[PDB]
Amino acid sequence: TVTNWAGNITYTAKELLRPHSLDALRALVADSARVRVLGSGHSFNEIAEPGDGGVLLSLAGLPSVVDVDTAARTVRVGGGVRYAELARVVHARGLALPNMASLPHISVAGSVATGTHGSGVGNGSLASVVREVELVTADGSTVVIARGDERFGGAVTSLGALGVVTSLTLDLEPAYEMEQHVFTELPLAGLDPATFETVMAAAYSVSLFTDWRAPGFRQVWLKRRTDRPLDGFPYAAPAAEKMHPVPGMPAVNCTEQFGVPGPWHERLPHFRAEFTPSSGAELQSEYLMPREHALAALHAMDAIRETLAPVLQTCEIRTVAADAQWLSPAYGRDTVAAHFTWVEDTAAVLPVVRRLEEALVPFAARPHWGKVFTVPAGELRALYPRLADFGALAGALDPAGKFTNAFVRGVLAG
């Protein structure tokens, strides 16, 4: 029996395949009628489900390649490699990524497939650093698509619906140091658009957290580059203690605070690489909207906070720079993201998700493809200007829909 990380999704397991060579992988794909790839299982819905008849394919049995070209400042990484390993290797060569997700133990291919991002107003999504993807397509042939190709905008954030991504090449920068400064009790009252932008721009990456109980925000996390200036932060009080994003959880699990300098890859995530949970008692949703709607969205959430709070562990507010990828929730517009880590109870949570989606409809809110959402397919298709172009690319590379399951079919058709 195969489950996702949160344990709310159990897959229909005809067979799980774990090839040990590319030769074996190509033959298995060509010989199978329906395939979905399983990454690290950090999605919260049926996106990785093959359905009956279909095969679930993992890259865990392949050599986990991490090939840093220091001259070119690039790294070539296998489809199943996770960020924690990637980051350690690139750091040891004196290089770095521009951003990371909250927890590093997640597959690179699976991360970019759904629109994974961190925070920072000038920082693009995790997909934005990819310069090339290598795909094993439905007939077992390899197709390489790189920045500049007409098809590239559909090739990185692809919901795994084009084929098996066996390697990706990423752009790198020189290694840098960071400090993390946490603050408590930022009011929502009197926050204007200018002060909101000032707060979110106050360091390289900034997150707000709240429990939607007492008015305002519980915490502000500033992740600052030591090679950039830090101005006084008058808007909230400095934390007296080490904090966890989720009130009442162990702060030992989190990356170092109190402004202590350390390497990028030990400061961008919220959770220490030593923290290796094999499952989590949580559900997640996130909605990504035009940045200009930030204050209006925050006030809509505040007005229904009594509905949100009872089923909420924590809510995180972030920013993302406009993305070139057609299916990125951050496609074509500078973005504000509102993330919800819920309690595990699906029956209690879904009615609240529906209400939240009702409150965010005037703000063109796109849900994160890897998280829980109930936005109807027709509505969903309308939120993505280039969704049609992705549909044509899938039909071209996979005309029999080998890599389409119920989730992808519903999205495209559906």
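So that there is no doubt, residue numbering starts at 1 and follows the sequence shown.
The mean C-alpha temperature factor is higher for 80-88 when 80-88 and 97-105 are set side by side. For the two regions 381-389 and 365-373, the entry's Cα B-factors average higher over 381-389.
When the Cα B-factors of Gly190, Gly118, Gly280, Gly115 are read from the PDB record, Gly190 comes out highest. Ranking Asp227, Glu286, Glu316, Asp211 by the C-alpha B-factor listed in the PDB entry places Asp227 at the top.
Sort the chain's modelled residues by C-alpha temperature factor and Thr255 lands in the middle third, per the entry. In the PDB entry, a CA B factor belonging to the middle third of its chain's modelled residues is recorded for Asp67.
Per the deposited record, the Cα B-factor of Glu358 falls in the highest third when ranked against the other modelled residues of its chain. When the modelled residues of the chain are ordered by their C-alpha B factor, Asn405 lands in the lowest third.
Split the chain's modelled residues into thirds by C-alpha temperature factor. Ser128 is in the lowest one.
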